[PDB]
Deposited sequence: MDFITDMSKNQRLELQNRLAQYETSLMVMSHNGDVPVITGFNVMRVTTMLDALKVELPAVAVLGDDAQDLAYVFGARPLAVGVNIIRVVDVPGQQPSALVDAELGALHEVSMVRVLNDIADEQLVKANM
């Protein structure tokens, strides 16, 4: 249900496979990174491209070393996925950014209506 969805967005780091200029995403700090300190530094969307080969590997193969839940996002308008990152993150379930944004926007209407 929605509350639980938002609760998990709230405490996770979104991760986006993408090479090229970074997108603007409503309500999210967006930032290209290649290390966890930079990721742990940025609601945020950490953008990973080919140059983040090692970090992608860690997120995909050594999840418990991170210390924060990672959510792999797709369907970001303009997204140009890195095949390397996608492969590295294969064990992570792709979540649509559109659905994420929808939920947050919808909950905001609720909040504005109180």
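Unmodelled regions of the deposited chain sequence (numbering from residue 1, in sequence order): 1-13, 56-57.
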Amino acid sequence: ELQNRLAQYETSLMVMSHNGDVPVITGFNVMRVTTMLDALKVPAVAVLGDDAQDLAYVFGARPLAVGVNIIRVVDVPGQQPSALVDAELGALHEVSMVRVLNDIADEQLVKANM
From here on, numbers count along this sequence of modelled residues.
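Set 103-111 against 2-10 and average the Cα temperature factors; 2-10 ends up higher. With 23-31 and 84-92 compared on mean CA B-factor from the PDB entry, the stretch scoring higher is 23-31.
Highest C-alpha temperature factor among 36, 52, 46, 58, as the PDB entry reports it: 36.
Across the options 74, 42, 66, 71, the residue with the most elevated CA B-factor in the record is 42.
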